Protein chains: 2
Amino acid sequence: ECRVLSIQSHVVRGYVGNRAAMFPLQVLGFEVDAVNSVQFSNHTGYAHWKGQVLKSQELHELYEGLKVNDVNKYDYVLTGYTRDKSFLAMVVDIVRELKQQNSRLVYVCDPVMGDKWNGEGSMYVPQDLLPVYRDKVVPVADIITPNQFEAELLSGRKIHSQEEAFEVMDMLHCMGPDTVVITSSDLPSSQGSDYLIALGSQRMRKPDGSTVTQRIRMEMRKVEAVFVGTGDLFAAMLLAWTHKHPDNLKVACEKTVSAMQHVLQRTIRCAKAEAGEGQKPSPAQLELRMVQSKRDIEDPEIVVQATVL
Amino acid sequence: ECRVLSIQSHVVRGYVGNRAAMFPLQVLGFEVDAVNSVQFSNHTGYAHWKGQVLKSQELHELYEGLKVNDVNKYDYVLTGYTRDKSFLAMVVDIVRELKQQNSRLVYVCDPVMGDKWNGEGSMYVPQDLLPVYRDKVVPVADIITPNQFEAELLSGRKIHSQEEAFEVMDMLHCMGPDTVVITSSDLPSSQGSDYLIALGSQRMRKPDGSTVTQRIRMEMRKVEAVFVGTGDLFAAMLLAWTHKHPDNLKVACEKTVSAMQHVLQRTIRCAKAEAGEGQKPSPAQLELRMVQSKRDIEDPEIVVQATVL
Ligand SMILES: Nc1ncnc2c1ncn2[C@@H]1O[C@H](COP(=O)(O)OP(=O)(O)OP(O)(O)=S)[C@@H](O)[C@H]1O
Ligand SMILES: Nc1ncnc2c1ncn2[C@@H]1O[C@H](COP(=O)(O)OP(=O)(O)OP(O)(O)=S)[C@@H](O)[C@H]1O
């Protein structure tokens, strides 16, 4: 039995945050203790949204409720989108305490700050969080899944080539996490502009005390839509598949990405079905077809192959 | 697809309310929009607990967030334990509006108000809701899953025999819902004192335009432990199987009760395993093994047979 503490947002409708994380982890065999950092009607990509946000003090109370009953015992910790610096500090405190309690605990972190629109890079999170993630969160993480912009923000270096990207990933390894995946990047692909490039790096221990970094690269088809909650889903499935494949980042990333691709392909198909023929689907019609993809999440058909560098 | 609006509690750890309803319904192929009426660390059976309660105003805003985006379209509505009169009135208003929008909507309601400890009957809910449930909720409900004590409260008449139980169920049919299932009772079983009796009743329209009431009985073995969330799970799975078998309450209840049986058998097994040999398992060790029972929930092996009266 593998228990994951997932502290993420909750939407009444749709799949972002914990809604995008609990179902896949449960279908993949993980107990999930879920702290819903917000309760919104839907994700903010909609025209409107209503709801409430959990205060950090409220998050602390929940964790203390678990601690008092001696149930604050976890094998993993999963976090994602946060706009409250204090809440991030609370999460870091909790992770440190759980790691004192269990040295084998794995903290998977999606450090969400921004993304590259067109060629420009833009942050959708308060700026005062960049120090935190860099100085307090990522140092305590074991798996991080940033995108190129976030990788650049964390390392302070811009990425212009794949070799520069892996130098940045080595810097991130040095900051803390032994597994680093750059989920998206503006690096060119060998198949064309319709494919996106993602890279992975896992540093592993040797018998002599030394350490070897395994590097992998993946090219994925781009689906022509903007989806929300994809990162959150990606980090959950990466957690699961790295757990089953702790020494093979290649296989874990292959399974994860294939499952993402399956989910997105089904989602874009059903979205264009709901919308008129040749019509732009709305955020509501682009909600991930999570339920309808259960089997794909359980045992994905491999549709991408990672190259070991 | 089939979308369910489920307004129930949420626990960080464990399976009650939405935690006990979302996963099975999603695994059974239903889109689920979930409104967490509360967020607690764990259910109140533990030694300690902390969390927050959603206000009715907050519930209204979530529903309005869905409405403004033209996303308040549902095939089912599912509710359970509530302690606030205003919250129940809000739920009733929402159900009324959704039924105005769609006459085919089915409201599944577990009218949770109390249960029978030993032979005595005791209430878990403020008294001012019993009028509400009787006068405002049940009238707009289509499926209800009360226990003997709740059925007695709603009907105002005590149940001493199975014939009296079906008279009470006919009264409840008269109050609104065309399907009524009494999930637990103190009626004797021909197989022993370790069997629990559940009864069902569905009013169905015939081809001639008239209506026939189908009644069924189920004898199920007691598992000697106290579980939490079982009503929530029961109602969710009953919703699913009645959707699959709209004219066969027999099969729907057989599947539902079999899944419950599988889940509870696995749960008591693993709970006694976690606890010492010959040790009473704790509330924490008796949390439903929801994830590990996925497959049984997907397609339960029939282990009980309902007799058609
Ligand atoms: N339109 C898309 N086409 C193909 N893959 C996508 C698409 N959107 C998301 N993905 C997949 O989802 C992963 C994460 O994407 P996103 O998270 O949406 O983008 P991102 O830039 O990583 O944003 P983050 O990591 O959450 S802040 C990517 O690495 C892809 O695997
Ligand atoms: N100890 C048990 N032994 C066998 N079956 C059980 C047990 N507890 C729960 N169940 C199953 O789950 C259902 C339990 O429903 P209950 O939780 O008893 O409903 P209730 O507690 O009587 O009141 P409500 O309003 O439904 S929450 C039963 O119909 C059984 O299917």
# chains A, B, ... in the order shown; residues from 1 in each chain; ligands from 1
>>> residues_around(residues="residue 268 (chain B)", least_positions_apart="4", cutoff="9 Å", atoms="only C-alpha atoms", output="ChimeraX atom specification")
/B:223-225,263-264,272-273,281,285-286,288
>>> write_last_selection(atoms="C-alpha atoms", output="CSV table (one decimal), in the first residue's frame")
chain,number,residue,atom,x,y,z
B,223,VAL,CA,-19.7,-8.0,9.1
B,224,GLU,CA,-18.8,-7.4,12.7
B,225,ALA,CA,-17.4,-4.0,12.7
B,263,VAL,CA,-15.7,-4.1,-0.2
B,264,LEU,CA,-16.6,-4.8,3.4
B,272,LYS,CA,-7.8,-7.3,11.3
B,273,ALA,CA,-4.5,-7.8,9.5
B,281,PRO,CA,-9.3,-2.8,14.7
B,285,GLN,CA,-7.8,0.7,10.3
B,286,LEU,CA,-11.5,0.2,9.3
B,288,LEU,CA,-13.0,1.3,3.4
>>> calpha_fit_and_write(fixed="chain A", moving="chain B", output="short mmCIF file (atom, residue, chain, number, x, y, z; two decimals) with C-alpha atoms, in the first residue's frame")
data_model
loop_
_atom_site.label_atom_id
_atom_site.label_comp_id
_atom_site.auth_asym_id
_atom_site.auth_seq_id
_atom_site.Cartn_x
_atom_site.Cartn_y
_atom_site.Cartn_z
CA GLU B 1 -0.11 0.23 0.18
CA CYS B 2 1.45 3.50 -1.05
CA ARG B 3 -0.08 6.69 0.36
CA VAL B 4 0.22 10.10 -1.30
CA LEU B 5 -0.48 13.44 0.39
CA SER B 6 -1.75 15.63 -2.48
CA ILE B 7 -2.24 19.33 -1.68
CA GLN B 8 -3.88 20.93 -4.70
CA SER B 9 -6.86 22.85 -6.04
CA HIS B 10 -10.37 21.43 -6.33
CA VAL B 11 -12.96 22.39 -8.95
CA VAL B 12 -16.62 21.39 -8.78
CA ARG B 13 -16.53 20.81 -12.54
CA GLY B 14 -13.52 19.76 -14.57
CA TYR B 15 -10.12 18.19 -14.01
CA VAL B 16 -7.35 20.36 -12.56
CA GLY B 17 -5.34 20.05 -9.38
CA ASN B 18 -6.67 17.27 -7.18
CA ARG B 19 -9.49 16.46 -9.62
CA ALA B 20 -6.82 15.68 -12.24
CA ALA B 21 -4.57 13.82 -9.76
CA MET B 22 -6.74 11.77 -7.41
CA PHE B 23 -8.62 9.68 -9.96
CA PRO B 24 -5.54 8.53 -11.96
CA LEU B 25 -3.51 7.83 -8.81
CA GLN B 26 -6.37 5.87 -7.23
CA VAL B 27 -6.92 3.96 -10.47
CA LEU B 28 -3.19 3.17 -10.40
CA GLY B 29 -3.38 1.71 -6.90
CA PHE B 30 -2.38 4.59 -4.59
CA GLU B 31 -4.17 5.67 -1.44
CA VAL B 32 -4.53 9.45 -1.73
CA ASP B 33 -5.06 11.87 1.15
CA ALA B 34 -6.26 15.04 -0.58
CA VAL B 35 -6.09 18.58 0.79
CA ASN B 36 -8.12 20.85 -1.49
CA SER B 37 -6.21 24.13 -1.44
CA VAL B 38 -9.20 25.87 -3.08
CA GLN B 39 -12.77 25.03 -4.07
CA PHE B 40 -13.87 26.79 -7.27
CA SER B 41 -16.75 26.06 -9.61
CA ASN B 42 -14.42 25.59 -12.60
CA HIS B 43 -10.99 26.64 -13.78
CA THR B 44 -10.28 30.27 -14.64
CA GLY B 45 -10.21 29.60 -18.39
CA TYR B 46 -14.00 29.80 -18.33
CA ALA B 47 -15.81 33.10 -18.79
CA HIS B 48 -16.75 33.08 -15.10
CA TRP B 49 -15.82 31.35 -11.86
CA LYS B 50 -16.56 31.45 -8.13
CA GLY B 51 -15.18 29.72 -5.07
CA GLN B 52 -13.13 29.92 -1.91
CA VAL B 53 -9.45 29.67 -0.96
CA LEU B 54 -8.04 27.60 1.90
CA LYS B 55 -5.91 29.60 4.30
CA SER B 56 -2.55 28.40 5.46
CA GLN B 57 -3.83 28.26 8.97
CA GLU B 58 -6.60 26.01 7.74
CA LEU B 59 -4.01 23.85 6.05
CA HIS B 60 -2.09 23.66 9.25
CA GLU B 61 -5.13 22.54 11.10
CA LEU B 62 -5.92 19.82 8.64
CA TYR B 63 -2.36 18.53 8.93
CA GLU B 64 -2.59 18.76 12.73
CA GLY B 65 -5.86 16.83 12.63
CA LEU B 66 -4.01 14.07 10.80
CA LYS B 67 -1.03 14.29 13.18
CA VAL B 68 -3.09 14.11 16.38
CA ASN B 69 -4.61 10.82 15.19
CA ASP B 70 -1.14 9.41 14.38
CA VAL B 71 -2.23 9.29 10.73
CA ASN B 72 0.28 11.72 9.22
CA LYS B 73 2.29 8.86 7.66
CA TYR B 74 2.94 9.08 3.93
CA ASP B 75 5.08 7.58 1.18
CA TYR B 76 4.76 10.53 -1.23
CA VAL B 77 3.82 14.21 -1.25
CA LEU B 78 2.41 15.92 -4.35
CA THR B 79 1.86 19.64 -4.89
CA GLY B 80 1.15 22.05 -7.72
CA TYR B 81 -0.30 25.50 -8.36
CA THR B 82 -0.22 27.89 -5.38
CA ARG B 83 -0.44 31.70 -5.24
CA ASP B 84 0.22 32.22 -1.50
CA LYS B 85 3.74 32.40 -0.04
CA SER B 86 2.59 31.38 3.42
CA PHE B 87 0.83 28.34 1.94
CA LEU B 88 4.05 27.22 0.25
CA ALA B 89 6.03 27.75 3.46
CA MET B 90 3.42 25.65 5.29
CA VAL B 91 3.81 22.92 2.67
CA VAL B 92 7.59 23.03 3.08
CA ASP B 93 7.26 22.72 6.85
CA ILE B 94 4.97 19.70 6.41
CA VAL B 95 7.39 18.04 3.98
CA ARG B 96 10.29 18.62 6.38
CA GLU B 97 8.37 17.03 9.25
CA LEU B 98 7.24 14.05 7.17
CA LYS B 99 10.82 13.47 6.01
CA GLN B 100 12.02 13.60 9.60
CA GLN B 101 9.40 10.92 10.26
CA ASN B 102 10.36 8.93 7.14
CA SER B 103 13.59 9.39 5.21
CA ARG B 104 12.16 7.31 2.33
CA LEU B 105 9.46 9.89 1.54
CA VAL B 106 9.47 11.26 -2.02
CA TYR B 107 8.30 14.83 -2.63
CA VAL B 108 6.98 15.30 -6.18
CA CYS B 109 6.67 19.02 -6.92
CA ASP B 110 5.35 20.74 -10.01
CA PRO B 111 6.71 24.18 -9.54
CA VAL B 112 4.01 26.05 -11.23
CA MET B 113 4.95 29.63 -11.84
CA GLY B 114 4.37 30.61 -15.57
CA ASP B 115 4.75 29.38 -19.20
CA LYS B 116 5.85 30.69 -22.61
CA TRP B 117 3.09 32.18 -24.76
CA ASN B 118 4.33 32.40 -28.36
CA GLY B 119 8.04 33.15 -27.78
CA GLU B 120 7.42 35.49 -24.83
CA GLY B 121 7.53 34.21 -21.25
CA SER B 122 4.83 35.24 -18.78
CA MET B 123 4.22 34.45 -15.11
CA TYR B 124 0.94 33.32 -13.57
CA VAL B 125 2.09 33.57 -9.96
CA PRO B 126 3.06 36.40 -7.58
CA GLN B 127 6.77 37.11 -7.87
CA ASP B 128 7.48 36.71 -4.14
CA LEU B 129 7.17 32.91 -4.54
CA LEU B 130 10.03 32.49 -7.02
CA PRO B 131 12.57 32.98 -4.21
CA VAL B 132 10.51 30.56 -2.09
CA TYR B 133 10.39 27.83 -4.74
CA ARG B 134 14.12 28.29 -5.36
CA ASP B 135 15.26 28.54 -1.74
CA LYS B 136 12.81 26.43 0.27
CA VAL B 137 10.75 24.05 -1.89
CA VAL B 138 13.01 22.64 -4.60
CA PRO B 139 15.77 21.96 -2.02
CA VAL B 140 13.46 19.44 -0.29
CA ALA B 141 11.90 18.12 -3.52
CA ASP B 142 12.83 14.77 -5.05
CA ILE B 143 11.03 15.00 -8.41
CA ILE B 144 10.22 18.25 -10.20
CA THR B 145 8.30 18.76 -13.39
CA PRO B 146 8.83 22.28 -14.62
CA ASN B 147 8.43 23.68 -18.04
CA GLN B 148 11.23 25.48 -19.90
CA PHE B 149 10.23 28.87 -18.47
CA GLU B 150 10.02 27.60 -14.94
CA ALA B 151 13.33 25.82 -15.19
CA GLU B 152 14.85 29.07 -16.50
CA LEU B 153 13.33 31.00 -13.58
CA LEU B 154 14.65 28.52 -11.01
CA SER B 155 18.13 28.36 -12.58
CA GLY B 156 18.31 32.06 -13.47
CA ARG B 157 19.79 31.21 -16.89
CA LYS B 158 17.99 31.23 -20.23
CA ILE B 159 17.80 28.04 -22.31
CA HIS B 160 18.60 28.29 -26.03
CA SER B 161 19.59 24.69 -26.84
CA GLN B 162 19.19 21.15 -25.55
CA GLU B 163 22.72 21.13 -24.11
CA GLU B 164 21.90 24.35 -22.25
CA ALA B 165 18.67 22.70 -21.10
CA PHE B 166 20.62 19.81 -19.59
CA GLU B 167 23.03 22.27 -17.96
CA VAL B 168 20.00 23.91 -16.34
CA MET B 169 18.73 20.49 -15.30
CA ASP B 170 22.11 19.73 -13.74
CA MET B 171 21.79 22.97 -11.78
CA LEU B 172 18.33 21.88 -10.64
CA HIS B 173 19.69 18.47 -9.65
CA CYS B 174 22.19 20.47 -7.61
CA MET B 175 19.35 22.39 -5.95
CA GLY B 176 17.84 19.15 -4.63
CA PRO B 177 15.69 16.81 -6.71
CA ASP B 178 17.39 13.71 -8.09
CA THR B 179 14.76 13.48 -10.87
CA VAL B 180 13.92 16.46 -13.08
CA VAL B 181 11.67 16.41 -16.08
CA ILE B 182 11.11 19.40 -18.26
CA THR B 183 7.64 18.81 -19.59
CA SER B 184 7.46 21.26 -22.35
CA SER B 185 9.86 23.40 -24.20
CA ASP B 186 10.39 25.51 -27.25
CA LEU B 187 13.21 23.36 -28.62
CA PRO B 188 12.84 22.16 -32.23
CA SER B 189 11.95 18.65 -33.16
CA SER B 190 13.39 16.58 -35.95
CA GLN B 191 9.88 15.37 -36.89
CA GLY B 192 8.28 18.80 -37.44
CA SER B 193 7.03 21.95 -35.71
CA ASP B 194 4.09 20.03 -34.41
CA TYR B 195 6.15 18.02 -32.03
CA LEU B 196 6.93 19.13 -28.52
CA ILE B 197 10.14 18.30 -26.82
CA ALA B 198 10.35 16.98 -23.30
CA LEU B 199 13.55 16.06 -21.60
CA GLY B 200 14.33 14.05 -18.50
CA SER B 201 17.24 13.61 -16.14
CA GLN B 202 17.67 11.23 -13.19
CA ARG B 203 20.70 11.05 -10.89
CA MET B 204 21.06 7.45 -9.69
CA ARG B 205 23.54 5.83 -7.31
CA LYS B 206 25.54 2.96 -8.74
CA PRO B 207 26.65 -0.26 -6.99
CA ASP B 208 30.18 1.19 -6.62
CA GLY B 209 28.71 4.00 -4.48
CA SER B 210 29.14 6.61 -7.24
CA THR B 211 26.36 8.35 -9.16
CA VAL B 212 25.40 8.35 -12.84
CA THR B 213 23.04 10.80 -14.51
CA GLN B 214 20.63 9.23 -17.01
CA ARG B 215 19.21 11.67 -19.57
CA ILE B 216 16.35 11.09 -22.01
CA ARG B 217 14.48 12.98 -24.72
CA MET B 218 10.89 12.69 -25.91
CA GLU B 219 9.22 14.03 -29.02
CA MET B 220 5.45 14.25 -28.75
CA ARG B 221 2.85 15.61 -31.12
CA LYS B 222 1.10 18.77 -30.27
CA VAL B 223 -2.64 18.67 -30.07
CA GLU B 224 -3.96 21.98 -31.22
CA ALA B 225 -5.97 23.09 -28.28
CA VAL B 226 -5.40 24.61 -24.94
CA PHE B 227 -5.91 22.26 -22.08
CA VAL B 228 -6.05 22.89 -18.36
CA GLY B 229 -4.83 20.48 -15.70
CA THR B 230 -2.34 18.75 -17.85
CA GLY B 231 0.52 19.51 -15.59
CA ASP B 232 -1.28 18.18 -12.61
CA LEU B 233 -2.12 14.96 -14.45
CA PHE B 234 1.38 14.70 -15.75
CA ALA B 235 2.93 14.97 -12.34
CA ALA B 236 0.49 12.46 -10.81
CA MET B 237 1.11 9.84 -13.49
CA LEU B 238 4.86 10.46 -13.39
CA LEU B 239 4.78 9.82 -9.64
CA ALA B 240 2.98 6.55 -10.26
CA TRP B 241 5.24 5.28 -13.04
CA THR B 242 8.47 6.34 -11.32
CA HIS B 243 7.23 4.40 -8.31
CA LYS B 244 6.82 1.38 -10.58
CA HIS B 245 10.13 2.05 -12.39
CA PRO B 246 12.43 3.75 -9.87
CA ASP B 247 15.60 3.09 -11.91
CA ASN B 248 14.08 3.52 -15.41
CA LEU B 249 13.13 7.13 -16.11
CA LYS B 250 12.88 6.09 -19.77
CA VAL B 251 9.97 3.71 -19.20
CA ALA B 252 8.30 5.93 -16.59
CA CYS B 253 8.26 8.91 -18.95
CA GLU B 254 7.20 6.75 -21.90
CA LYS B 255 4.16 5.48 -19.99
CA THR B 256 3.35 8.86 -18.59
CA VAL B 257 3.54 10.57 -21.87
CA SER B 258 1.61 7.92 -23.64
CA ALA B 259 -1.21 8.19 -21.19
CA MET B 260 -1.20 11.89 -21.71
CA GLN B 261 -1.33 11.37 -25.39
CA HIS B 262 -4.29 9.02 -25.23
CA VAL B 263 -6.14 11.37 -22.87
CA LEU B 264 -5.57 14.41 -25.00
CA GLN B 265 -6.43 12.71 -28.26
CA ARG B 266 -9.74 11.49 -26.84
CA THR B 267 -10.38 14.93 -25.33
CA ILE B 268 -9.85 16.83 -28.58
CA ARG B 269 -11.95 14.26 -30.46
CA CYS B 270 -14.92 14.57 -28.10
CA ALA B 271 -14.47 18.35 -27.84
CA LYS B 272 -14.64 18.85 -31.60
CA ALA B 273 -17.61 16.47 -31.61
CA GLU B 274 -19.47 18.54 -29.00
CA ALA B 275 -18.67 21.75 -30.85
CA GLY B 276 -20.02 22.29 -34.34
CA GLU B 277 -18.17 20.96 -37.35
CA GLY B 278 -15.34 23.38 -38.01
CA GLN B 279 -15.97 25.19 -34.71
CA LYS B 280 -13.35 25.95 -32.07
CA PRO B 281 -14.26 24.03 -28.88
CA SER B 282 -14.85 26.07 -25.74
CA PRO B 283 -12.90 25.70 -22.47
CA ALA B 284 -15.90 23.79 -21.11
CA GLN B 285 -15.82 21.36 -24.04
CA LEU B 286 -12.05 20.87 -23.61
CA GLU B 287 -12.19 19.52 -20.06
CA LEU B 288 -10.14 16.33 -19.96
CA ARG B 289 -12.19 13.19 -20.62
CA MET B 290 -10.70 11.71 -17.47
CA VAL B 291 -13.26 9.02 -16.66
CA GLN B 292 -13.55 7.81 -20.26
CA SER B 293 -9.75 7.37 -20.39
CA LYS B 294 -9.45 5.29 -17.20
CA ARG B 295 -8.21 2.19 -19.02
CA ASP B 296 -5.57 4.11 -20.99
CA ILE B 297 -4.39 5.55 -17.67
CA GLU B 298 -4.27 2.09 -16.10
CA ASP B 299 -2.04 0.53 -18.78
CA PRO B 300 -1.19 2.96 -21.57
CA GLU B 301 -0.24 1.66 -25.00
CA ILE B 302 3.25 2.97 -25.71
CA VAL B 303 2.99 5.57 -28.49
CA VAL B 304 6.22 7.54 -27.92
CA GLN B 305 9.79 6.29 -27.57
CA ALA B 306 12.33 8.16 -25.45
CA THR B 307 15.91 8.18 -26.74
CA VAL B 308 18.61 7.72 -24.10
CA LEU B 309 21.38 10.30 -24.52
#
>>> select_by_dssp(residues="region 14-170 of chain B", states="strand (DSSP E or B)", output="PDB file with C-alpha atoms, in the first residue's frame")
ATOM      1  CA  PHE B  30     -20.123   8.734 -14.675  1.00  0.00           C
ATOM      2  CA  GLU B  31     -18.868  12.293 -14.909  1.00  0.00           C
ATOM      3  CA  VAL B  32     -19.134  13.693 -11.380  1.00  0.00           C
ATOM      4  CA  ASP B  33     -19.320  17.369 -10.435  1.00  0.00           C
ATOM      5  CA  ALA B  34     -18.510  17.361  -6.719  1.00  0.00           C
ATOM      6  CA  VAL B  35     -19.422  20.043  -4.184  1.00  0.00           C
ATOM      7  CA  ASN B  36     -17.587  19.305  -0.936  1.00  0.00           C
ATOM      8  CA  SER B  37     -20.018  20.425   1.752  1.00  0.00           C
ATOM      9  CA  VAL B  38     -17.222  20.187   4.348  1.00  0.00           C
ATOM     10  CA  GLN B  39     -13.477  19.541   4.436  1.00  0.00           C
ATOM     11  CA  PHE B  40     -12.379  17.612   7.535  1.00  0.00           C
ATOM     12  CA  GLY B  51     -11.816  21.019   9.315  1.00  0.00           C
ATOM     13  CA  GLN B  52     -14.178  23.589   7.876  1.00  0.00           C
ATOM     14  CA  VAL B  53     -17.832  23.715   6.828  1.00  0.00           C
ATOM     15  CA  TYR B  76     -28.479  13.056 -11.653  1.00  0.00           C
ATOM     16  CA  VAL B  77     -28.181  14.750  -8.264  1.00  0.00           C
ATOM     17  CA  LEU B  78     -26.775  12.938  -5.214  1.00  0.00           C
ATOM     18  CA  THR B  79     -26.819  14.115  -1.604  1.00  0.00           C
ATOM     19  CA  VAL B 106     -33.137  11.884 -11.169  1.00  0.00           C
ATOM     20  CA  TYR B 107     -32.537  13.034  -7.585  1.00  0.00           C
ATOM     21  CA  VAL B 108     -30.960  10.291  -5.456  1.00  0.00           C
ATOM     22  CA  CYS B 109     -31.222  11.254  -1.784  1.00  0.00           C
ATOM     23  CA  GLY B 114     -30.067   8.810  12.604  1.00  0.00           C
ATOM     24  CA  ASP B 115     -29.867   4.990  13.076  1.00  0.00           C
ATOM     25  CA  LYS B 116     -30.821   2.320  15.622  1.00  0.00           C
ATOM     26  CA  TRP B 117     -28.151   1.490  18.203  1.00  0.00           C
ATOM     27  CA  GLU B 120     -32.956   2.109  20.709  1.00  0.00           C
ATOM     28  CA  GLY B 121     -33.204   4.742  17.976  1.00  0.00           C
ATOM     29  CA  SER B 122     -30.984   7.822  18.101  1.00  0.00           C
ATOM     30  CA  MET B 123     -30.617  10.860  15.844  1.00  0.00           C
ATOM     31  CA  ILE B 143     -34.654   7.501  -5.183  1.00  0.00           C
ATOM     32  CA  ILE B 144     -34.233   7.417  -1.410  1.00  0.00           C
TER      33      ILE B 144
END
>>> select_by_dssp(residues="region 224-301 of chain B", states="alpha helix (DSSP H)", output="VMD selection string")
chain B and resid 230 to 244 249 to 274 294 to 298
>>> decode(residues="region 209-221 of chain B", atoms="N, CA, C and O atoms", output="tab-separated table (two decimals), in the first residue's frame")
chain	number	residue	atom	x	y	z
B	209	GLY	N	-50.40	2.15	-19.26
B	209	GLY	CA	-50.51	3.45	-18.64
B	209	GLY	C	-50.65	3.40	-17.14
B	209	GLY	O	-50.47	4.43	-16.47
B	210	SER	N	-50.96	2.23	-16.59
B	210	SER	CA	-51.10	2.02	-15.15
B	210	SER	C	-49.73	1.81	-14.52
B	210	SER	O	-48.69	1.85	-15.19
B	211	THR	N	-49.72	1.60	-13.20
B	211	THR	CA	-48.48	1.50	-12.45
B	211	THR	C	-48.49	0.29	-11.53
B	211	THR	O	-49.48	0.02	-10.84
B	212	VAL	N	-47.37	-0.43	-11.53
B	212	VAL	CA	-47.16	-1.62	-10.72
B	212	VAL	C	-45.99	-1.38	-9.78
B	212	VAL	O	-44.98	-0.80	-10.18
B	213	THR	N	-46.14	-1.82	-8.55
B	213	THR	CA	-45.10	-1.69	-7.55
B	213	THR	C	-44.37	-3.02	-7.44
B	213	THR	O	-44.99	-4.05	-7.13
B	214	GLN	N	-43.07	-3.02	-7.73
B	214	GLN	CA	-42.21	-4.18	-7.58
B	214	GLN	C	-41.53	-4.11	-6.22
B	214	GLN	O	-40.90	-3.11	-5.89
B	215	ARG	N	-41.60	-5.17	-5.41
B	215	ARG	CA	-40.98	-5.20	-4.11
B	215	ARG	C	-39.97	-6.31	-4.02
B	215	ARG	O	-40.17	-7.32	-4.60
B	216	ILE	N	-38.86	-6.13	-3.34
B	216	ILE	CA	-37.83	-7.15	-3.24
B	216	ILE	C	-37.26	-7.20	-1.84
B	216	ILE	O	-37.44	-6.30	-1.10
B	217	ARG	N	-36.64	-8.30	-1.48
B	217	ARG	CA	-36.05	-8.46	-0.16
B	217	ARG	C	-34.65	-9.00	-0.28
B	217	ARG	O	-34.40	-9.76	-1.15
B	218	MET	N	-33.71	-8.55	0.54
B	218	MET	CA	-32.36	-9.05	0.51
B	218	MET	C	-31.85	-9.41	1.85
B	218	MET	O	-32.02	-8.65	2.74
B	219	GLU	N	-31.20	-10.55	2.00
B	219	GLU	CA	-30.63	-10.97	3.25
B	219	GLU	C	-29.15	-10.96	3.04
B	219	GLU	O	-28.67	-11.52	2.11
B	220	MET	N	-28.42	-10.22	3.87
B	220	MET	CA	-27.00	-10.02	3.74
B	220	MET	C	-26.29	-10.23	5.04
B	220	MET	O	-26.73	-9.76	6.03
B	221	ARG	N	-25.15	-10.88	5.05
B	221	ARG	CA	-24.45	-11.13	6.29
B	221	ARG	C	-23.80	-9.98	6.95
B	221	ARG	O	-23.04	-9.31	6.35
